[PDB]
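Structure first, commentary second.
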Amino acid sequence: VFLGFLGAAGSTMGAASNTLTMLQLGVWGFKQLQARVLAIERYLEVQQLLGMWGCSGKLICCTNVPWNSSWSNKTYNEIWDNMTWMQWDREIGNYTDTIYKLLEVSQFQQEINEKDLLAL
Amino acid sequence: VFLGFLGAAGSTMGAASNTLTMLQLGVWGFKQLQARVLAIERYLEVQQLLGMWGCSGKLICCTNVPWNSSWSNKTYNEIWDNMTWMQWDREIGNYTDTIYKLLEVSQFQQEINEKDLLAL
Amino acid sequence: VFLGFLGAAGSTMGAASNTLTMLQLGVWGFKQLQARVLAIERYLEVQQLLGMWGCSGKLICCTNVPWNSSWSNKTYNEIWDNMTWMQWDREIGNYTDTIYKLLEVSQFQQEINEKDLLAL
Amino acid sequence: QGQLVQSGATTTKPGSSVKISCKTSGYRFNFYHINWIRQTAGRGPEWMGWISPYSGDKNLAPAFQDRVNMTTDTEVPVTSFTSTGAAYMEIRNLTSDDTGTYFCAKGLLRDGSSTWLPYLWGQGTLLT
Amino acid sequence: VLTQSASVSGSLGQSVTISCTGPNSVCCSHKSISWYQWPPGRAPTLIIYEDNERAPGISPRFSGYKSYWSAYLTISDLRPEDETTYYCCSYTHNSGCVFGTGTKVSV
Ligand SMILES: *[C@@H]1O[C@H](CO)[C@@H](O[C@@H]2O[C@H](CO)[C@@H](O[C@@H]3O[C@H](CO[C@H]4O[C@H](CO)[C@@H](O)[C@H](O[C@H]5O[C@H](CO)[C@@H](O)[C@H](O)[C@@H]5O)[C@@H]4O)[C@@H](O)[C@H](O[C@H]4O[C@H](CO)[C@@H](O)[C@H](O)[C@@H]4O)[C@@H]3O)[C@H](O)[C@H]2NC(C)=O)[C@H](O)[C@H]1NC(C)=O
């Protein structure tokens, strides 16, 4: 339903994310179905990744990966009070997959740390 | 598979929820597929909402929203020991979407409270 | 994407799991779609079960069910240092559904224990 | 399961060099070290050495360091978890002191701290 | 270099305990001890590995112990077939067995 939360696309990153304010087989029958499958393929594209980082059911999950300053050497105040999610994404878009892999191993090892912890 | 847990549909709310005791493209080929897509569209209808309330993987999640007595001014003993889930739903069906929105903001703010907590 | 993590299929169980090191409606149009639905039917086959055991977003979730020695009377050292996931599965494949049901009731009761705990 | 059938009990005189075979079955020959251990009649049971049918890595005792040649040819797949391998071992400057029954035994597990431990033994080969 | 008991024996119903000790080069706190049942001149049998672990199929009567200076092999509730010799190992994760002198028993 309401997956269009773009309402704060021109606002600063910290102002938007941190503190909100029966078919018939014809060309509308197979069109409307592929549009229904194409939507949930992509909802599971991300909810699977959110599960691989220990972030299932979380909009703001903190991680265990320090910030490599080579990704972006910019201050908290010149990110969350100056940039917008649309343009920050573009600036950090190149390293987006390195962080994903690295998030994945931080959660996998965290899964076995609690495994050694609950063994006592 | 076993999504038919209606076995206690005529029992009291507290007795039921609190303490249990290769196709061919023809008219059975496109029928059986739409029935397969129509099932998981709806499983993700609810599991997404369960994720937007901080309830992923929980059958009984407690929330942070006080009960507005205008929804139902009835006692715990005249709900969970007298009414059944089928008829309680109908009585409180009008405010069902107000509570959803309100659940959603309680979890979103709870996501940033722990964000301010883990920043220390 | 990378659902082929079989890379350690011939390794010991403890070496693998504990410490890693736009269509056209024709015969490629309906083939490619059913292959897309058949994939996420099965991803939700398991992620639903993982939700029914209190294991959403977890690769290694500890449970509350003691090991019935009639399932396998073998030692930790002759499992995780001698057997491989491929052949261990076959040896314990018969009781695989008894454990599922039993996992399900351990989590359901655990959901109401915390319900009685958060009521104070 | 698994069974390690050894070679024949043939005898030779000093100065020679005999090879002892060990044909495995019923288990993955690559997954466990093969281990030879000698029971000399005038000494204590002496461990000779294990080799890795997978890594090709060997480890002998310092009493056989420059005197024993241990090898294995590749395994023949039988099913998903069954192979058939052959294990060979010789002795260099052989004398009559090395008289006794020679055994071959596969390793215990394939991980942990007791990886190569001679668990499943063969039939032994009488020398003299 | 690894010495054990000279010899022991018991009767059907009681228990024995085979010693096993040596110098600090072979014994003990920094090494794993294994116990083998070995009829002389025949195929042996593993019974105990890394101190107190029982091999597969081994009856729960066999027990292993290891103080900081010696390792024992308790054979509770003897039977006729237990009349053999016994030897102990001394190994690490990457090494070879250092067997013992030998200890025989009977009922
Ligand atoms: C595929 O299947 C094979 C067969 O099972 C697997 O090979 C086995 O792997 C296990 C580990 O999973 C091995 O157990 C370890 O054995 C080593 C002994 O080797 C060490 O000592 C050698 C002699 O001194 C030395 O030469 C080695 O050093 C190099 O040399 C070899 C090649 O020459 C190389 O393979 C090495 O990697 C080194 O490069 C080596 O140091 C032993 O040291 C280990 O003990 C440590 O680790 C365990 C945990 O693993 C720990 O519990 C201990 O306390 C200790 O810290 C460990 O016992 C086994 O020897 C291998 N071979 C067999 C069983 O025949 C292979 O791993 C599988 N691969 C996959 C991808 O599935």
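Order determines the names: the first chain of the structure tokens is A, the second B, and so forth; residues in each chain are numbered 1 upward, and ligands are numbered 1 upward as they are shown.
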Mind checking DSSP for chain B and telling me the alpha helix (DSSP H) residues as an MDAnalysis selection string? chainID B and resid 13:17 29:51 85:91 96:117
Rows by chain and residue number, chain A within 7 Å of chain B, shortest pair, only C-alpha atoms, as a Markdown table:
| residue | atom | partner | partner_atom | distance |
| --- | --- | --- | --- | --- |
| A:18 | CA | B:112 | CA | 6.8 |
| A:56 | CA | B:56 | CA | 6.8 |
| A:57 | CA | B:51 | CA | 4.3 |
| A:58 | CA | B:54 | CA | 6.9 |
| A:59 | CA | B:111 | CA | 6.7 |
| A:60 | CA | B:111 | CA | 5.8 |
Define the interface residues of chain E facing chain D as those within 8 Å, counting only C-alpha atoms, and report them as a list in words. residues 41, 42, 43, 44, 45, 46, 49, 50, 92, 93, 95, 96, 97, 98, 99, 100, 101 and 102 of chain E
Listing only residues of chain C within 8 Å of ligand 1, what is the closest atom pair and its distance in Å (to one decimal) for each, using only C-alpha atoms and all ligand atoms, sorted by chain and residue number ascending, as a Markdown table?
| residue | atom | partner | partner_atom_place_in_ligand_line | distance |
| --- | --- | --- | --- | --- |
| C:7 | CA | ligand 1 | 71 (C) | 7.9 |
| C:8 | CA | ligand 1 | 72 (O) | 5.8 |
| C:9 | CA | ligand 1 | 72 (O) | 7.2 |
| C:10 | CA | ligand 1 | 72 (O) | 5.1 |
| C:11 | CA | ligand 1 | 72 (O) | 3.3 |
| C:12 | CA | ligand 1 | 72 (O) | 6.6 |
| C:15 | CA | ligand 1 | 12 (O) | 6.3 |
| C:16 | CA | ligand 1 | 72 (O) | 7.8 |
| C:81 | CA | ligand 1 | 12 (O) | 7.9 |
Those same residues, written as a CSV table (one decimal), in the first residue's frame with C-alpha atoms?
chain,number,residue,atom,x,y,z
C,7,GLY,CA,30.6,-24.1,-1.2
C,8,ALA,CA,31.3,-26.2,1.8
C,9,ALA,CA,29.1,-29.2,1.0
C,10,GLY,CA,31.9,-31.7,1.4
C,11,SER,CA,33.4,-30.1,4.6
C,12,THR,CA,32.6,-31.1,8.1
C,15,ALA,CA,33.9,-26.4,9.6
C,16,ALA,CA,31.1,-25.1,7.4
C,81,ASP,CA,34.0,-32.7,13.4
Would you kindly return, as a JSON list (two decimals) with N, CA and C atoms, in the first residue's frame, each protein, DNA or RNA residue with an atom no farther than 9 Å from any atom of residue D:98, considering only C-alpha atoms and excluding same-chain residues fewer than 3 positions away?
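The result, written out as selection_22.json:
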[["chain", "number", "residue", "atom", "x", "y", "z"],
["D", 38, "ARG", "N", 53.72, -50.36, 13.83],
["D", 38, "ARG", "CA", 54.45, -51.62, 13.89],
["D", 38, "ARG", "C", 54.49, -52.15, 15.31],
["D", 40, "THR", "N", 56.74, -54.56, 17.00],
["D", 40, "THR", "CA", 57.93, -55.38, 17.07],
["D", 40, "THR", "C", 57.87, -56.29, 18.30],
["D", 94, "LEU", "N", 66.50, -51.99, 5.60],
["D", 94, "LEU", "CA", 65.75, -52.94, 6.41],
["D", 94, "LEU", "C", 66.68, -54.02, 6.96],
["D", 95, "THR", "N", 66.41, -54.45, 8.19],
["D", 95, "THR", "CA", 67.19, -55.49, 8.84],
["D", 95, "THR", "C", 66.22, -56.56, 9.34],
["D", 127, "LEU", "N", 55.59, -60.25, 9.10],
["D", 127, "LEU", "CA", 56.81, -60.08, 8.33],
["D", 127, "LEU", "C", 57.77, -61.24, 8.59],
["D", 128, "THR", "N", 58.82, -60.99, 9.37],
["D", 128, "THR", "CA", 59.95, -61.92, 9.59],
["D", 128, "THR", "C", 60.81, -62.02, 8.33]]
Chain C near chain D within 9 Å: what's each residue's closest atom pair and its distance in Å to one decimal, counting only C-alpha atoms, ordered by chain then ascending residue number, as a Markdown table?
| residue | atom | partner | partner_atom | distance |
| --- | --- | --- | --- | --- |
| C:12 | CA | D:110 | CA | 7.4 |
| C:14 | CA | D:111 | CA | 8.4 |
| C:15 | CA | D:111 | CA | 8.0 |
| C:77 | CA | D:112 | CA | 7.6 |
| C:78 | CA | D:109 | CA | 7.2 |
| C:80 | CA | D:111 | CA | 8.2 |
| C:81 | CA | D:111 | CA | 4.7 |
| C:82 | CA | D:109 | CA | 5.1 |
| C:83 | CA | D:110 | CA | 8.6 |
| C:87 | CA | D:81 | CA | 8.5 |
Take the residues that were just selected and, keeping N, CA, C and O atoms, output them as a PDB file, in the first residue's frame.
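File result03.pdb, as written:
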ATOM      1  N   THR C  12      33.244 -30.704   6.920  1.00  0.00           N
ATOM      2  CA  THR C  12      32.590 -31.138   8.145  1.00  0.00           C
ATOM      3  C   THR C  12      31.576 -30.095   8.606  1.00  0.00           C
ATOM      4  O   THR C  12      31.701 -28.904   8.310  1.00  0.00           O
ATOM      5  N   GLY C  14      30.946 -28.704  11.446  1.00  0.00           N
ATOM      6  CA  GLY C  14      31.476 -27.607  12.233  1.00  0.00           C
ATOM      7  C   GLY C  14      32.449 -26.718  11.493  1.00  0.00           C
ATOM      8  O   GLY C  14      32.653 -25.569  11.897  1.00  0.00           O
ATOM      9  N   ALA C  15      33.065 -27.221  10.425  1.00  0.00           N
ATOM     10  CA  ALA C  15      33.931 -26.378   9.612  1.00  0.00           C
ATOM     11  C   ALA C  15      33.145 -25.492   8.660  1.00  0.00           C
ATOM     12  O   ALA C  15      33.668 -24.464   8.216  1.00  0.00           O
ATOM     13  N   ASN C  77      31.492 -34.216  19.097  1.00  0.00           N
ATOM     14  CA  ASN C  77      32.748 -34.366  18.376  1.00  0.00           C
ATOM     15  C   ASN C  77      32.641 -35.317  17.190  1.00  0.00           C
ATOM     16  O   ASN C  77      33.438 -35.206  16.253  1.00  0.00           O
ATOM     17  N   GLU C  78      31.687 -36.249  17.206  1.00  0.00           N
ATOM     18  CA  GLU C  78      31.448 -37.125  16.068  1.00  0.00           C
ATOM     19  C   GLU C  78      30.304 -36.630  15.190  1.00  0.00           C
ATOM     20  O   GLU C  78      29.784 -37.390  14.366  1.00  0.00           O
ATOM     21  N   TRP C  80      29.983 -32.532  14.518  1.00  0.00           N
ATOM     22  CA  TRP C  80      30.514 -31.292  13.968  1.00  0.00           C
ATOM     23  C   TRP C  80      31.981 -31.387  13.573  1.00  0.00           C
ATOM     24  O   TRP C  80      32.522 -30.419  13.031  1.00  0.00           O
ATOM     25  N   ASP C  81      32.638 -32.516  13.825  1.00  0.00           N
ATOM     26  CA  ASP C  81      34.010 -32.721  13.391  1.00  0.00           C
ATOM     27  C   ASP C  81      34.185 -33.971  12.543  1.00  0.00           C
ATOM     28  O   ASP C  81      35.318 -34.298  12.173  1.00  0.00           O
ATOM     29  N   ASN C  82      33.109 -34.672  12.219  1.00  0.00           N
ATOM     30  CA  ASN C  82      33.204 -35.907  11.451  1.00  0.00           C
ATOM     31  C   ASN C  82      32.195 -35.987  10.315  1.00  0.00           C
ATOM     32  O   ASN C  82      32.544 -36.448   9.225  1.00  0.00           O
ATOM     33  N   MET C  83      30.961 -35.552  10.535  1.00  0.00           N
ATOM     34  CA  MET C  83      29.909 -35.635   9.533  1.00  0.00           C
ATOM     35  C   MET C  83      29.783 -34.333   8.751  1.00  0.00           C
ATOM     36  O   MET C  83      30.267 -33.274   9.161  1.00  0.00           O
ATOM     37  N   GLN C  87      25.017 -35.528   4.787  1.00  0.00           N
ATOM     38  CA  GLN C  87      24.730 -36.869   5.288  1.00  0.00           C
ATOM     39  C   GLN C  87      24.097 -36.866   6.671  1.00  0.00           C
ATOM     40  O   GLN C  87      23.359 -37.801   7.003  1.00  0.00           O
TER      41      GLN C  87
END
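The coordinates place atom CA of residue B:6 at 13.3 Å from atom CA of residue B:21.
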With only C-alpha atoms considered, list every residue of chain E at most 10 Å from chain C, as a PyMOL selection string. chain E and resi 53-57
Residues just named, written with N, CA, C and O atoms as a PDB file, in the first residue's frame:
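Final output, result06.pdb:
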ATOM      1  N   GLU E  53      36.889 -39.223  26.349  1.00  0.00           N
ATOM      2  CA  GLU E  53      35.887 -39.386  25.302  1.00  0.00           C
ATOM      3  C   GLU E  53      35.840 -40.846  24.869  1.00  0.00           C
ATOM      4  O   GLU E  53      36.885 -41.462  24.643  1.00  0.00           O
ATOM      5  N   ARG E  54      34.634 -41.392  24.749  1.00  0.00           N
ATOM      6  CA  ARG E  54      34.445 -42.791  24.389  1.00  0.00           C
ATOM      7  C   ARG E  54      34.211 -42.917  22.889  1.00  0.00           C
ATOM      8  O   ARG E  54      33.418 -42.165  22.315  1.00  0.00           O
ATOM      9  N   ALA E  55      34.894 -43.881  22.263  1.00  0.00           N
ATOM     10  CA  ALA E  55      34.723 -44.127  20.840  1.00  0.00           C
ATOM     11  C   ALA E  55      33.301 -44.611  20.559  1.00  0.00           C
ATOM     12  O   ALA E  55      32.570 -44.980  21.482  1.00  0.00           O
ATOM     13  N   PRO E  56      32.883 -44.608  19.291  1.00  0.00           N
ATOM     14  CA  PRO E  56      31.533 -45.083  18.963  1.00  0.00           C
ATOM     15  C   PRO E  56      31.347 -46.550  19.317  1.00  0.00           C
ATOM     16  O   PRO E  56      32.257 -47.370  19.166  1.00  0.00           O
ATOM     17  N   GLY E  57      30.150 -46.868  19.809  1.00  0.00           N
ATOM     18  CA  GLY E  57      29.799 -48.214  20.195  1.00  0.00           C
ATOM     19  C   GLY E  57      30.384 -48.686  21.505  1.00  0.00           C
ATOM     20  O   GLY E  57      29.982 -49.751  21.993  1.00  0.00           O
TER      21      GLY E  57
END
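If you look at atom CA of residue C:61 and atom CA of residue C:102, they are 14.9 Å away from each other.
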Could you state the separation of atom CA of residue B:19 and atom CA of residue C:116 in Å, given to one decimal place?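 These two atoms are separated by 11.9 Å.
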Leaving out residue C:70 and any residue of its chain fewer than 3 positions from it, which residues lie within 12 Å of it when counting only C-alpha atoms, given as a ChimeraX atom specification? /C:66-67,73-74,91-92,94-95
Just the residues within 12 Å of residue C:97, please, counting only C-alpha atoms, with nothing from its chain fewer than 6 positions along; format it as a PyMOL selection string. chain C and resi 49+71+103-104
